[PDB]
file target.cif (mmCIF, C-alpha atoms and all ligand atoms)
data_protein
#
loop_
_atom_site.label_atom_id
_atom_site.label_comp_id
_atom_site.auth_asym_id
_atom_site.auth_seq_id
_atom_site.Cartn_x
_atom_site.Cartn_y
_atom_site.Cartn_z
CA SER A 1 -11.58 -10.13 -14.05
CA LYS A 2 -15.23 -9.74 -15.00
CA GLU A 3 -15.85 -7.91 -18.32
CA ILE A 4 -18.21 -4.94 -17.85
CA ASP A 5 -20.40 -3.43 -20.58
CA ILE A 6 -19.85 0.33 -21.06
CA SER A 7 -23.65 0.74 -20.79
CA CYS A 8 -23.34 0.09 -17.04
CA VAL A 9 -20.74 2.83 -16.54
CA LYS A 10 -21.31 6.57 -16.20
CA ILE A 11 -18.14 8.59 -15.56
CA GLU A 12 -18.65 11.61 -13.25
CA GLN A 13 -15.31 13.47 -13.00
CA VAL A 14 -11.54 13.33 -12.85
CA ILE A 15 -10.13 12.59 -9.41
CA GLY A 16 -6.51 11.76 -10.20
CA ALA A 17 -3.92 11.08 -12.92
CA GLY A 18 -2.50 7.59 -13.43
CA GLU A 19 0.60 6.73 -15.48
CA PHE A 20 -1.56 5.07 -18.14
CA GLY A 21 -4.34 7.64 -18.18
CA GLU A 22 -6.83 9.59 -16.10
CA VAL A 23 -8.50 8.26 -12.94
CA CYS A 24 -12.21 9.07 -12.45
CA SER A 25 -15.14 8.50 -10.21
CA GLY A 26 -18.62 7.46 -11.31
CA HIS A 27 -21.59 5.15 -10.98
CA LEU A 28 -21.82 1.47 -11.83
CA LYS A 29 -25.23 -0.10 -12.47
CA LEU A 30 -25.12 -3.76 -13.48
CA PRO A 31 -28.34 -5.54 -14.57
CA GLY A 32 -30.34 -6.38 -11.44
CA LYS A 33 -27.73 -5.16 -8.96
CA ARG A 34 -27.94 -1.77 -7.22
CA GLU A 35 -26.04 1.26 -8.50
CA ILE A 36 -22.78 2.00 -6.68
CA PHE A 37 -20.14 4.72 -6.65
CA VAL A 38 -16.79 3.57 -8.02
CA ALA A 39 -13.31 4.54 -9.19
CA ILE A 40 -12.54 4.32 -12.90
CA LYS A 41 -9.06 4.10 -14.36
CA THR A 42 -8.96 4.84 -18.09
CA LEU A 43 -6.31 4.22 -20.72
CA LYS A 44 -5.29 7.19 -22.89
CA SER A 45 -6.09 6.58 -26.56
CA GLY A 46 -3.34 5.98 -29.12
CA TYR A 47 -1.83 3.53 -26.65
CA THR A 48 0.75 0.94 -27.68
CA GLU A 49 -0.13 -2.72 -27.37
CA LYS A 50 2.38 -3.03 -24.53
CA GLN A 51 0.81 -0.12 -22.67
CA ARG A 52 -2.62 -1.72 -23.05
CA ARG A 53 -1.38 -5.07 -21.68
CA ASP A 54 0.56 -3.52 -18.81
CA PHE A 55 -2.43 -1.41 -17.84
CA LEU A 56 -4.81 -4.35 -17.84
CA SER A 57 -2.24 -6.55 -16.07
CA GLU A 58 -2.95 -4.62 -12.87
CA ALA A 59 -6.55 -5.77 -13.08
CA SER A 60 -5.57 -9.39 -13.73
CA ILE A 61 -3.34 -9.38 -10.67
CA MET A 62 -5.74 -7.83 -8.12
CA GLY A 63 -8.61 -9.71 -9.67
CA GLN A 64 -7.14 -12.86 -8.15
CA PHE A 65 -7.46 -11.39 -4.66
CA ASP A 66 -10.40 -10.72 -2.37
CA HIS A 67 -9.90 -9.13 1.06
CA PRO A 68 -11.25 -6.05 2.87
CA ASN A 69 -7.74 -4.60 3.05
CA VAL A 70 -6.98 -5.11 -0.63
CA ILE A 71 -8.54 -2.84 -3.28
CA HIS A 72 -11.69 -4.52 -4.61
CA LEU A 73 -11.95 -4.98 -8.39
CA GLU A 74 -15.43 -4.48 -9.88
CA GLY A 75 -14.30 -5.41 -13.38
CA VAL A 76 -12.93 -4.12 -16.67
CA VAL A 77 -13.97 -2.62 -20.01
CA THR A 78 -11.96 -3.83 -22.98
CA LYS A 79 -14.47 -4.54 -25.77
CA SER A 80 -15.12 -0.85 -26.35
CA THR A 81 -13.23 2.39 -25.78
CA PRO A 82 -11.97 3.79 -23.61
CA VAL A 83 -10.38 0.79 -21.91
CA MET A 84 -11.30 0.86 -18.18
CA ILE A 85 -10.43 -0.74 -14.84
CA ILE A 86 -13.30 -0.15 -12.40
CA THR A 87 -12.58 -0.61 -8.70
CA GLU A 88 -13.60 0.28 -5.16
CA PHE A 89 -13.87 4.00 -4.36
CA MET A 90 -11.46 5.37 -1.76
CA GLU A 91 -12.42 8.94 -0.89
CA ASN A 92 -9.17 9.75 0.91
CA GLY A 93 -6.88 8.59 -1.89
CA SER A 94 -3.23 7.80 -1.17
CA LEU A 95 -2.19 7.32 2.45
CA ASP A 96 1.04 9.34 2.37
CA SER A 97 -0.54 12.46 0.89
CA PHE A 98 -3.57 11.84 3.10
CA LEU A 99 -1.42 11.86 6.24
CA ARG A 100 0.47 14.98 5.16
CA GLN A 101 -2.84 16.86 5.07
CA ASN A 102 -3.62 15.68 8.59
CA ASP A 103 -0.38 16.19 10.46
CA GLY A 104 -0.95 15.15 14.07
CA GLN A 105 -4.71 14.89 13.73
CA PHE A 106 -5.08 11.25 14.82
CA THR A 107 -4.75 9.25 18.02
CA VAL A 108 -2.21 6.45 18.41
CA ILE A 109 -5.15 4.07 18.37
CA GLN A 110 -6.32 5.39 15.01
CA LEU A 111 -2.86 5.13 13.47
CA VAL A 112 -2.45 1.61 14.88
CA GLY A 113 -5.80 0.80 13.30
CA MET A 114 -4.54 1.92 9.91
CA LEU A 115 -1.40 -0.17 10.31
CA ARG A 116 -3.42 -3.23 11.39
CA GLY A 117 -5.51 -3.16 8.20
CA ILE A 118 -2.38 -2.88 6.06
CA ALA A 119 -0.91 -5.76 8.07
CA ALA A 120 -4.02 -7.86 7.57
CA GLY A 121 -3.97 -7.22 3.84
CA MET A 122 -0.30 -8.15 3.58
CA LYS A 123 -0.94 -11.22 5.73
CA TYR A 124 -3.65 -12.22 3.27
CA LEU A 125 -1.37 -11.60 0.29
CA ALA A 126 1.48 -13.55 1.87
CA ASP A 127 -0.86 -16.46 2.53
CA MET A 128 -1.93 -16.26 -1.13
CA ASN A 129 1.78 -16.49 -1.94
CA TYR A 130 1.98 -12.99 -3.40
CA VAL A 131 5.05 -10.79 -3.02
CA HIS A 132 4.16 -7.12 -3.42
CA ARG A 133 7.74 -5.84 -3.75
CA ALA A 134 6.52 -2.25 -3.73
CA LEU A 135 4.87 -1.83 -0.35
CA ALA A 136 4.86 1.86 0.59
CA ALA A 137 2.43 4.47 1.93
CA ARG A 138 1.92 5.89 -1.54
CA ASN A 139 0.57 2.51 -2.66
CA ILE A 140 -2.12 2.15 0.00
CA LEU A 141 -5.58 3.74 -0.41
CA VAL A 142 -7.77 5.02 2.44
CA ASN A 143 -11.55 5.42 2.64
CA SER A 144 -13.87 7.57 4.76
CA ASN A 145 -13.74 5.24 7.78
CA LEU A 146 -9.93 5.38 7.45
CA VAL A 147 -9.72 1.74 6.30
CA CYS A 148 -6.45 1.25 4.47
CA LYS A 149 -6.08 -1.14 1.60
CA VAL A 150 -3.11 -2.36 -0.43
CA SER A 151 -3.06 -1.24 -4.05
CA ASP A 152 -0.73 -1.06 -7.02
CA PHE A 153 -0.76 -4.62 -8.33
CA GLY A 154 0.36 -3.55 -11.79
CA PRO A 155 12.16 2.03 -4.32
CA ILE A 156 15.51 1.79 -2.52
CA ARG A 157 14.57 3.34 0.82
CA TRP A 158 11.56 0.98 0.97
CA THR A 159 13.40 -2.20 -0.02
CA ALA A 160 15.20 -4.78 2.14
CA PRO A 161 19.03 -5.10 1.85
CA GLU A 162 18.84 -8.56 0.25
CA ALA A 163 16.24 -7.51 -2.28
CA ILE A 164 18.40 -4.59 -3.37
CA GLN A 165 21.66 -6.54 -3.57
CA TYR A 166 20.57 -9.93 -4.93
CA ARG A 167 17.12 -8.99 -6.21
CA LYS A 168 15.73 -11.54 -3.76
CA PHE A 169 12.13 -10.55 -3.03
CA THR A 170 10.08 -12.52 -0.52
CA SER A 171 7.28 -11.87 1.94
CA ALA A 172 10.18 -11.26 4.32
CA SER A 173 11.39 -8.30 2.25
CA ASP A 174 7.81 -7.05 2.25
CA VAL A 175 7.94 -7.09 6.07
CA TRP A 176 10.95 -4.78 5.86
CA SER A 177 8.97 -2.50 3.52
CA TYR A 178 6.09 -2.74 6.00
CA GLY A 179 8.53 -1.43 8.57
CA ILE A 180 9.18 1.68 6.48
CA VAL A 181 5.44 2.08 6.01
CA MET A 182 4.95 2.03 9.81
CA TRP A 183 7.42 4.87 9.96
CA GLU A 184 5.62 6.78 7.23
CA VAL A 185 2.33 6.49 9.08
CA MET A 186 3.64 7.53 12.50
CA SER A 187 5.47 10.35 10.68
CA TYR A 188 2.35 11.59 8.98
CA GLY A 189 3.75 11.25 5.47
CA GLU A 190 7.32 12.26 6.11
CA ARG A 191 9.66 10.84 3.48
CA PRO A 192 11.73 7.88 4.81
CA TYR A 193 15.36 8.89 5.53
CA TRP A 194 14.40 12.47 4.68
CA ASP A 195 16.68 14.17 2.15
CA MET A 196 19.27 11.39 2.42
CA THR A 197 20.43 10.06 -0.94
CA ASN A 198 19.51 6.56 -2.01
CA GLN A 199 23.19 5.64 -1.78
CA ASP A 200 23.47 7.23 1.62
CA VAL A 201 20.52 5.15 2.68
CA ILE A 202 22.28 2.01 1.48
CA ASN A 203 25.52 2.90 3.26
CA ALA A 204 23.59 3.91 6.38
CA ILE A 205 21.72 0.59 6.62
CA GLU A 206 25.04 -1.14 5.96
CA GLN A 207 26.46 0.70 8.95
CA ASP A 208 23.55 -0.64 11.01
CA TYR A 209 21.65 2.67 11.00
CA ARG A 210 17.90 2.52 11.57
CA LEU A 211 15.24 5.21 11.30
CA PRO A 212 14.66 6.89 14.73
CA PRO A 213 11.25 7.04 16.47
CA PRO A 214 8.80 9.48 14.81
CA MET A 215 7.40 12.22 17.05
CA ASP A 216 4.80 11.06 19.59
CA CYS A 217 5.41 7.45 18.59
CA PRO A 218 5.21 4.87 21.39
CA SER A 219 8.47 3.01 21.92
CA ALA A 220 6.54 -0.24 21.42
CA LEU A 221 5.64 0.64 17.81
CA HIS A 222 9.20 1.72 16.98
CA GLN A 223 10.50 -1.57 18.37
CA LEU A 224 8.12 -3.41 16.07
CA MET A 225 9.62 -1.33 13.25
CA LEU A 226 13.15 -2.37 14.23
CA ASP A 227 12.10 -6.03 14.24
CA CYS A 228 10.85 -5.53 10.69
CA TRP A 229 14.20 -3.98 9.84
CA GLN A 230 16.40 -6.89 10.88
CA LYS A 231 19.30 -7.56 8.52
CA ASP A 232 18.59 -11.30 8.50
CA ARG A 233 15.27 -11.83 6.77
CA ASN A 234 14.70 -15.15 8.57
CA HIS A 235 14.65 -13.23 11.82
CA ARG A 236 12.07 -10.69 10.73
CA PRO A 237 8.49 -11.21 12.00
CA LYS A 238 5.78 -12.80 9.84
CA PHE A 239 2.76 -10.77 8.84
CA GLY A 240 0.68 -13.04 11.06
CA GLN A 241 2.76 -12.15 14.12
CA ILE A 242 2.79 -8.46 13.13
CA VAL A 243 -1.00 -8.63 13.20
CA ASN A 244 -1.17 -10.31 16.61
CA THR A 245 1.31 -7.82 18.04
CA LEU A 246 -0.79 -4.94 16.84
CA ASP A 247 -3.90 -6.63 18.24
CA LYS A 248 -2.30 -6.98 21.64
CA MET A 249 -1.65 -3.24 21.66
CA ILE A 250 -5.34 -2.66 21.15
CA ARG A 251 -6.25 -4.94 24.07
CA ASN A 252 -4.12 -3.07 26.61
CA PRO A 253 -3.79 0.56 25.34
CA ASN A 254 -1.38 1.29 28.20
CA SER A 255 1.23 -0.74 26.33
CA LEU A 256 1.45 2.29 24.01
CA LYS A 257 1.98 4.67 26.93
CA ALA A 258 5.74 4.02 27.15
CA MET A 259 7.07 6.80 24.88
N1 LIG B 1 -9.87 3.59 -6.07
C1 LIG B 1 -9.53 4.82 -6.01
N2 LIG B 1 -10.33 5.74 -5.35
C2 LIG B 1 -10.03 7.10 -5.24
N3 LIG B 1 -8.93 7.64 -5.79
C3 LIG B 1 -8.13 6.76 -6.44
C4 LIG B 1 -8.35 5.39 -6.61
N4 LIG B 1 -7.36 4.81 -7.31
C5 LIG B 1 -6.54 5.83 -7.59
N5 LIG B 1 -6.96 7.02 -7.09
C6 LIG B 1 -6.27 8.35 -7.20
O1 LIG B 1 -5.52 8.39 -8.40
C7 LIG B 1 -4.10 8.59 -8.16
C8 LIG B 1 -3.32 7.78 -9.20
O2 LIG B 1 -3.66 6.37 -9.15
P1 LIG B 1 -2.57 5.31 -8.80
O3 LIG B 1 -3.34 4.01 -8.83
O4 LIG B 1 -1.81 5.59 -7.54
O5 LIG B 1 -1.62 5.33 -10.03
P2 LIG B 1 -0.70 4.19 -10.67
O6 LIG B 1 -0.87 2.86 -9.82
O7 LIG B 1 -1.18 4.03 -12.08
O8 LIG B 1 0.68 4.72 -10.55
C9 LIG B 1 -3.89 8.19 -6.69
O9 LIG B 1 -2.74 8.92 -6.19
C10 LIG B 1 -5.24 8.55 -6.06
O10 LIG B 1 -5.31 9.90 -5.56
MG MG B 2 0.64 4.80 -7.26
#
call {"tool": "encode", "arguments": {"input": "target.cif", "output": "structure tokens"}}
result
Amino acid sequence: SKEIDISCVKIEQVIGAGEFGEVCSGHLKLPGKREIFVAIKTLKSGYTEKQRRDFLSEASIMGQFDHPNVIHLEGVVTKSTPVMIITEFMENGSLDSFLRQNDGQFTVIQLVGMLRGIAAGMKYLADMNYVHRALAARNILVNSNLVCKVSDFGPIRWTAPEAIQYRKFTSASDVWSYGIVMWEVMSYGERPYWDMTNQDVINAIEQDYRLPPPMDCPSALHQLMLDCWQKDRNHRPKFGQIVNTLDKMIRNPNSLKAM
């Protein structure tokens, strides 16, 4: 969205590597507004016109959104070099790697909290008529308070049967993906279907196989997963319902006691 003048940006250091260039952290001080810490995606020089457009497309997409569970876009730098995409800063980075570094360090209530935010963000996106198509733990960022937000607006084992076979992507297929994500979270970053091959995964799902309950996962959360993994997309829950279901679990914590 908004075009930012390089004079307002002061890069601090490298915090990650994107496919289009380095990812940094830094300060943003717009005229009048108060300085803030941000994340800065840069484009490697010598880029092709296609690379430039694809890179900036990500900003155009997320720029059209605005929700606490969707990565906030501060703006972009295109008039001068390097080209940049400034966004919200998420100290804990990617959710999957984040969970791997904290194996079994959270309560069911915390995990459910993370899943609720992701659900709220997807509910928002669905209402805005946006189909992510690539929902997965690696595409969700987490901050200090553990708030998870959907990212990557620029994967067999994560995709619904129909989407894989007929390339039919809908919010419904995102619900299936959300199911896999729920598994990833309760598994603390474990890879879905483990070392199974992508083809094995396809044949397994065909044979009505479904990922088992992750360790210490309440039977109520695994059932919600199954619902998300229903062969018939029309039967899968809506993100709105997924949210309410999660909310009900928060009301009466004893509903998560049945292991
Ligand atoms: N807003 C952000 N705050 C903190 N770290 C970030 C942020 N965006 C990206 N990163 C870090 O940079 C890495 C690469 O960025 P990512 O957006 O996942 O790449 P791409 O979407 O280009 O494939 C992430 O795995 C994460 O650790
Ligand atoms: Mg990524």
call {"tool": "residues_near_ligand", "arguments": {"input": "target.cif", "ligand": "ligand MG 2 (chain B)", "cutoff": "7 Å", "atoms": "all atoms listed in the file", "output": "list in words"}}
result
residues 138, 139 and 152 of chain A
call {"tool": "residues_around", "arguments": {"input": "target.cif", "residues": "residue 189 (chain A)", "least_positions_apart": "2", "cutoff": "12 Å", "atoms": "only C-alpha atoms", "output": "short mmCIF file (atom, residue, chain, number, x, y, z; two decimals) with C-alpha atoms, in the coordinates of the input"}}
result
data_model
loop_
_atom_site.label_atom_id
_atom_site.label_comp_id
_atom_site.auth_asym_id
_atom_site.auth_seq_id
_atom_site.Cartn_x
_atom_site.Cartn_y
_atom_site.Cartn_z
CA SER A 94 -3.23 7.80 -1.17
CA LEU A 95 -2.19 7.32 2.45
CA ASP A 96 1.04 9.34 2.37
CA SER A 97 -0.54 12.46 0.89
CA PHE A 98 -3.57 11.84 3.10
CA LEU A 99 -1.42 11.86 6.24
CA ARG A 100 0.47 14.98 5.16
CA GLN A 101 -2.84 16.86 5.07
CA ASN A 102 -3.62 15.68 8.59
CA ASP A 103 -0.38 16.19 10.46
CA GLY A 104 -0.95 15.15 14.07
CA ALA A 136 4.86 1.86 0.59
CA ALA A 137 2.43 4.47 1.93
CA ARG A 138 1.92 5.89 -1.54
CA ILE A 180 9.18 1.68 6.48
CA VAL A 181 5.44 2.08 6.01
CA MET A 182 4.95 2.03 9.81
CA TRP A 183 7.42 4.87 9.96
CA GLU A 184 5.62 6.78 7.23
CA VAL A 185 2.33 6.49 9.08
CA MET A 186 3.64 7.53 12.50
CA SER A 187 5.47 10.35 10.68
CA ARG A 191 9.66 10.84 3.48
CA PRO A 192 11.73 7.88 4.81
CA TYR A 193 15.36 8.89 5.53
CA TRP A 194 14.40 12.47 4.68
CA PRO A 214 8.80 9.48 14.81
#
call {"tool": "closest_residue", "arguments": {"input": "target.cif", "among": "A:145, A:223, A:45, A:151", "to": "residue 61 (chain A)", "atoms": "all atoms listed in the file"}}
result
A:151
call {"tool": "closest_atom_pairs", "arguments": {"input": "target.cif", "of": "chain A", "to": "ligand LIG 1 (chain B)", "cutoff": "7 Å", "atoms": "all atoms listed in the file", "output": "tab-separated table"}}
result
residue	atom	partner	partner_atom	distance
A:15	CA	B:LIG1	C6	6.1
A:16	CA	B:LIG1	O1	3.9
A:17	CA	B:LIG1	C8	5.0
A:18	CA	B:LIG1	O7	4.0
A:19	CA	B:LIG1	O7	4.7
A:20	CA	B:LIG1	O7	6.2
A:23	CA	B:LIG1	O1	5.4
A:39	CA	B:LIG1	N1	4.7
A:87	CA	B:LIG1	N1	5.6
A:88	CA	B:LIG1	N1	5.1
A:89	CA	B:LIG1	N2	4.1
A:90	CA	B:LIG1	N2	3.8
A:91	CA	B:LIG1	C2	5.3
A:92	CA	B:LIG1	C2	6.8
A:93	CA	B:LIG1	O10	4.2
A:94	CA	B:LIG1	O9	5.2
A:139	CA	B:LIG1	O4	6.2
A:141	CA	B:LIG1	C1	6.9
A:152	CA	B:LIG1	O6	4.8
A:154	CA	B:LIG1	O6	6.8
call {"tool": "atom_distance", "arguments": {"input": "target.cif", "atom1": "CA of residue 240 (chain A)", "atom2": "CA of residue 121 (chain A)"}}
result
10.4 Å
call {"tool": "residues_near_point", "arguments": {"input": "target.cif", "point": "(-12.9, -0.4, -15.3)", "cutoff": "12 Å", "atoms": "all atoms listed in the file", "output": "ChimeraX atom specification"}}
result
/A:1-6,8-11,22-28,38-43,55-56,58-60,63,72-89
call {"tool": "residues_near_point", "arguments": {"input": "target.cif", "point": "(-11.3, 0.3, 11.8)", "cutoff": "10 Å", "atoms": "all atoms listed in the file", "output": "VMD selection string"}}
result
chain A and resid 109 to 114 116 to 117 145 to 148
call {"tool": "atom_distance", "arguments": {"input": "target.cif", "atom1": "CA of residue 235 (chain A)", "atom2": "CA of residue 209 (chain A)"}}
result
17.4 Å
call {"tool": "closest_residue", "arguments": {"input": "target.cif", "among": "A:135, A:164, A:259, A:108", "to": "residue 179 (chain A)", "atoms": "only C-alpha atoms"}}
result
A:135
call {"tool": "atom_distance", "arguments": {"input": "target.cif", "atom1": "CA of residue 106 (chain A)", "atom2": "CA of residue 124 (chain A)"}}
result
26.2 Å
call {"tool": "closest_residue", "arguments": {"input": "target.cif", "among": "A:233, A:140, A:128, A:246", "to": "residue 159 (chain A)", "atoms": "only C-alpha atoms"}}
result
A:233
